[PDB]
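First, one chain by itself in structure tokens, the form solved without the partner chain.
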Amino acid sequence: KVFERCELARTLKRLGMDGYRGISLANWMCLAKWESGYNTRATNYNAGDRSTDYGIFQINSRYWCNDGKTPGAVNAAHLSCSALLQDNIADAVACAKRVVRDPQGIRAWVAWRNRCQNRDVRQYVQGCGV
């Protein structure tokens, strides 16, 4: 599914992402925009390390979800990567909150650093009523 901007914003609000581990809703919005353009079916194969990024948040199969074909993903995850390609983003959100529980926080996504960090991200939530 390709979300509309404000439709996603209200959905993330409801799933309790606003201020999760100090990260504002505008920051998660900024992240989804640059990673997948708000598309839950987005997939990116990394030929260099043979891993794949999945879904709206582009979560990687080496440490977070299991897809079986990634080398050195030596078990660990238990969530199937397939769960991150659903139209319902509940699992993807549960997973993104897991990721930021680590020290790096939102900085774990290099796209966040390139495109959102130290920037005015208010634009992503402007007019959504959240």
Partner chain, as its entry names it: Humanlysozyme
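Residue numbers count along the first chain shown, from 1.
Once the C-alpha B-factors are averaged per stretch, 84 to 92 and 23 to 31 rank with 84 to 92 first. Higher mean CA temperature factor, per the PDB entry, when comparing 99 to 107 with 72 to 80: 72 to 80. In the PDB entry, the Cα temperature factor peaks, among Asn66, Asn60, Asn44, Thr40, at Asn44.
Residue-level temperature factors show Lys13 in the middle third of its chain, judged at the C-alpha atom. Among all modelled residues in this chain, the alpha-carbon of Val130 has a temperature factor (C-alpha) in the highest third.
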